[PDB]
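Worksheet: one structure, shown below.
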Ligand SMILES: CN[C@@H]1[C@@H](O)[C@@H](O[C@@H]2[C@@H](O)[C@H](O[C@H]3O[C@H]([C@@H](C)O)[C@@H](O)[C@H](O)[C@H]3N)[C@@H](N)C[C@H]2N)OC[C@]1(C)O
Ligand SMILES: CN[C@@H]1[C@@H](O)[C@@H](O[C@@H]2[C@@H](O)[C@H](O[C@H]3O[C@H]([C@@H](C)O)[C@@H](O)[C@H](O)[C@H]3N)[C@@H](N)C[C@H]2N)OC[C@]1(C)O
Ligand SMILES: Cc1ncc(COP(=O)(O)O)c(CN)c1O
Ligand SMILES: Cc1ncc(COP(=O)(O)O)c(CN)c1O
Ligand SMILES: [Cl-]
Ligand SMILES: [Cl-]
Ligand SMILES: [Cl-]
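Residue numbers (the UniProt record's numbering), protein chains in the order written: chain S, 1 to 414; chain L, 1 to 414.
This is the structure in C-alpha cells:
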C-alpha cells in the first residue's frame, strides 16, 4: 500500500480482517454493529475508555474556541503542575507529542549535561534508530547498549563503561519480575553515579497516579510519560530535575502546545483521580485474571495467566496464541498479541463479567476446534518467549540457563 | 516556571503581555473581547483560518465516533494518496506527529539506505540536536554539517565529503533568494549523486498545492511536510521514493494514526484545493505587501517589504522591529518577529483592507512616538540580518562580502 509505516507498534492487528468504526467506553463496534470488549485500548493509550464524556467535553470546548497553539498558558502550566506534583522532588516538565520524542529528548538532556554519549538501556523506548535493539555488548548506530533487563548485563556495561555513560534508561515491568528486581536495576546504576531515566511511557498513570517506579521505592533523575496521561490524544513529557530539564528549553515544535491535547490530558489526570482508576483496576483486573485462570484450568488448555490488575498477559506458545486470539475475536473480545492486555477504567462492574463470559465461550470453541491442544503443557521456553515479547527483555536469567545461553537467546530474537 | 520548553519556535511572543482566548477565521480575540488580525496563525500551521467550519466538522464527527487509533484504514490511505498525488513520481508516505520527527526520519531513511552517516543541511529542520546549527565545516554532535544556503559552502562540503554524505536536506525559501538559486543548491548535490531531502515543513501546501520546490523545477528523493497539511492539528509526513520509504516501515508510535488529526488533514487538503487558497493568497498577499510598502514610504519609516503573497517580511533593524511590533499589536495586528508573516486563506477580501488600515494606524503612532526613526536608512546589514533570521542562512553572498566574511558573520550569529 502507499502508507509506508503501517507496521510496528500498530494496535488492533487481531482485527485486520474486520472493520472497526466506533468506540464507546469499554467497547468498540464493527461495521455490522457488533460490540467488542476492547483490551487493546489503542495499546493502552485509552486509560479512561473511548469517548470519555469529561475528556470529550473539554476537547470539544477547546476546539470550538479556536484558541491557537501556545496561547493557553494557564492550562499548560496547570498540567505541568499536575504531573510534577505526583513525583517526589522538584521537577520541571517538557512536553512532546509522542513517547519516542520524550525518551529521545530525555537521553539528549543527559548527553548535554554530562558531555558523554553512550547510553545503556533496558526495554523498548520507541521507534527512533537510537532505540533499535542490538545484541548485548554491541552499541547500536546511535551509541546505545541494550541490557535486556538482566542485572549481570547491566553489571557488564557498568564494569566496561560506567565512566562513559550519559545515562541508563529503563522501562519498568512487573508481570514477570518483581518491583524489587526492577529497583535493583536502577540502584546498580545509581551507585556508580550514572544518570537514570525511568521510561514510564507504558506504565505511568496506569498502575498508580504517577510513576510506577515510585511504588517500587525508586527515584529517577528523569521520567517519561505518554500513554497514561491523555486518553488517546498525542501528548507526552519528560519530567525531571531542573538540571536535566534546562537543556530542553528549546526542544519545541510548532504544535507542542496545541490546545486540544492539553485539555484532554488535564481532564484525563483529573478523571483518573476522581474515578480512583488505578486502584479500581487493580481489583477488577485481579478478578478477571483469577477467573480466567480458573476457566483455562477447567478446559485443560495450554495457557497461563501472568500479572494482575491493569497489566496481565495470556502466556502461551505462539501456536496456541494464534488460535486463542481469533477465537476471542469471534466472541467479541479484542486481545493484543505477544503483549499484556490494557484494560481501561471502563473495565469494571458488569463489563468484567461480560468479558469473562466471552472468554469462556472462546475457550470452549477453541477446545472443540483444536482438541489436540487440550492437555498440552506450557513449557519454560513458552514462558520465556512470552516474557521477552511483553517486556522486551529477559525476566531474570531463566532457571538452568547460563548467562551465555541468555545472550544467545536474545541475539536469536533480533 | 515549571514548563521547561516554553522557548524556541513558540508563536505569539509579541502578545505575551496580553491574553488570547479565542480564534475565528483571520482573527484572534483577547480576554477583553478585542479582535486582532492574526498573521502568525500558529507559525503558519493554520493555513485555512481558525475554526475552519469544514475541518472542525470533520474533527468533531471523528471525536464523537470514538474510533480508536489505527482503525480508519480507508481515511489514512486516502490522505496518503492525496499527498503522493501532488508530487511528481511514485511516492509512499510515512506519517509522524511533528515536523522535527519527519525530518529526522527522512535523514534516518537516507542513512539506512546508503550506509553513510554524515548529512549536509541548509535551513532549520526542527528542535532535535541533530539539527543544532554549528559553524560552516564543523559537524555537530549528530554528524550534520550546515551550509547556510550558500552554493560555495555546499561546494566545500561536496568537495570534502561527497562520497561520505548520506543526504543533503534543504529547507527552501524564496523571500530573499530566487527559485533558481534554490534549485541550484539541489542540483549541485544531485550531480554528485547525493540523496536529496526537500524540507517542505514550512512551505509545503502554502505556496502551491504541493511542494514549493516543484515549481522551482526541482525534484527530490524525499519531501517532508507539516505546517500546511493539517490546519493546526499535529500531523506530518515523509513522502518519497519507495527505496527510501521502505526503511521507515517500523517508524510508528502508539498514536501515529489517531483519527482526529487524519480527519483534519484530509479535510484541510480538500479545502485548500476547493478555495484555491495558494493562488488567492498570492493575489491578496501581493496587494497587502504593495500597499504596505506604499504606506511605509509616505511616512518615511526605515522598513522595507520583502517577498509577496503567502510569504512576506517586514525588513528592518532589530531596534525598529521592536517598535513596529508593539505598535501593530496596539492597533489589533499580530506580527511574528524576525520571520515572515503567515497569512491564511481568511486573509482575503475586506480582511486585507482591515489589516492595511490597522498597519496604517500603527505606522502613524510609530512615527509620532519615535520621530528619531523617521528618515532613517535601511542598511545592507539590516537586510542581511533580516534574511538570516527568516531563512536561517545567507541570501547568497552579500555584495562586497568575501566568503570568509560570510563564514565569520554566520559564526557570530550562533
Ligand atoms: C523482534 N525484535 C523486537 C523489535 O521488533 C521491537 O519490538 C517491538 C516491541 O518492543 C513493541 O512492544 C513494546 O511496546 C508496546 C507498546 C508500544 O504498545 C508495549 O505495549 C509492549 O509491552 C512492549 N513489548 C511492539 N509494539 C512493536 C515491536 N516491533 O523492539 C524489540 C525487539 C526485541 O528488538
Ligand atoms: C540564533 N541561533 C539560531 C537558533 O536559535 C535557531 O533559530 C530558530 C529559528 O531557526 C526558527 O525559525 C525558523 O522556524 C520557523 C518556524 C519554526 O516557525 C520559521 O517560521 C522560520 O522562517 C524559520 N527561521 C525559530 N522558530 C526559533 C529559533 N530559535 O536555529 C537557527 C540558529 C541560527 O542556529
Ligand atoms: C515503554 C515505552 N517507551 C516509549 C515508547 C514510545 O512511545 P510512542 O509509541 O508514543 O512513540 C513506547 C512505545 N509506545 C513504550 O511502550
Ligand atoms: C522548515 C522547517 N523544518 C522543520 C521544522 C520542524 O517542525 P516542528 O516545529 O513541527 O517540529 C520546522 C519548524 N517548525 C521548519 O520550519
Ligand atoms: Cl462501558
Ligand atoms: Cl475571517
Ligand atoms: Cl513527535
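Yeah, the Cβ is synthetic: ideal placement off N, Cα and C, and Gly gets one too.
By the C-beta criterion, the segment 224-244 of chain L is judged to be in contact with the segment 254-273 of chain L, since at least 3 inter-stretch pairs fall below 8 Å. Closer than 8 Å at the C-beta level to chain L, one finds these residues of the segment 124-140 of chain S: 126, 127, 128 and 129.
Put simply, the segment 370-387 of chain S touches the segment 312-328 of chain S. At least three CB pairs are less than 8 Å apart. With its beta carbon at least 8 Å from every one in chain L, residue 380/S lies outside the interface. As DSSP reads the structure, residue 305/L sits in a beta bridge with 314/L. Close to residue 222/L, with beta-carbon spacing below 9 Å, lies no residue of chain S; the smallest spacing is near 11 Å. With respect to the 8 Å criterion, residue 91/L and residue 198/L are not classified as neighbours on the basis of their beta carbons.
Residues close to ligand 6 by the beta carbon criterion (under 7 Å to any non-hydrogen atom) are, from first to last along the chain, 24/L, 25/L, 26/L, 27/L, 49/L, 346/L and 351/L.
Look at the segment 87-114 of chain S: the residues with a C-beta under 7 Å from a C-beta of chain L are 92, 93, 94, 95, 97, 98, 99, 100, 101 and 108.
At least one heavy atom of ligand 2 is found less than 7 Å from the C-beta of residue 389/L. Judged by the Cβ position, residue 105/S fails to qualify as a neighbour of ligand 7 at the 7 Å threshold, every heavy atom of the ligand being at least this far. Using a Cβ-Cβ cut-off of 9 Å, residue 21/S is close to 65, 67, 71 and 72 of chain L, given in chain order. For residue 177/L, the shortest C-beta to heavy atom distance toward ligand 3 is 7 Å or greater.
Where residue 409/S is concerned, the enclosing alpha helix (DSSP H) starts and stops at 403-413.
A straight line joining the alpha-carbon of residue 358/S with that of residue 50/S spans about 20 Å. If only complete runs of 3 or more residues are kept, the segment 8-88 of chain S shows the beta strand (DSSP E) at 20-24, 27-30 and 35-38, in order along the chain. Relative to ligand 2, the beta carbon of residue 9/L is positioned inside 7 Å of a heavy atom.
With a threshold of 8 Å between beta carbons, residue 232/S makes contact with chain L. With a threshold of 8 Å between beta carbons, residue 8/L makes contact with chain S. Proximity of the beta carbon of residue 255/L to ligand 3 is indicated: a heavy atom of the ligand is located closer than 7 Å. Look at residue 282/S here: in three-state DSSP terms it is helix. Considering only 310/S, 88/S, 362/S and 124/S, the residue with the shortest C-alpha distance to residue 327/S is 362/S.
Burial state of residue 294/L is exposed, judged by a 10 Å Cβ sphere holding fewer than 16 other Cβ atoms. Rounded to the nearest angstrom, the gap between the Cα atoms of residue 138/S and residue 133/L is 30 Å. Within a 10 Å sphere around the beta-carbon of residue 163/S sit fewer than 16 other beta-carbons, which makes this residue exposed. By a beta-carbon distance limit of 8 Å, residue 247/L contacts residue 112/L. Their separation comes to about 4 Å.
Taking the beta carbon of residue 227/L as reference, the chain S residues within 8 Å of it are 254, listed in sequence order.
The segment 72-91 of chain S and the segment 29-46 of chain L do not touch, with fewer than 3 CB-CB distances between them shorter than 8 Å. In this structure, DSSP gives residue 156/S a helical state, which the three-state scheme calls helix.
Here the C-alpha atom of residue 253/S lies approximately 18 Å from the C-alpha atom of residue 16/L. Between residue 14/L and the set 364/L, 356/L and 324/L, the nearest pair of CA atoms involves 324/L.
Around ligand 7, the residues whose beta-carbon falls short of 5 Å from at least one of its heavy atoms are 97/S, 98/S, 101/S, 97/L, 98/L and 101/L, given in chain order. DSSP places residue 146/S in the strand class (E or B) of the three-state scheme.
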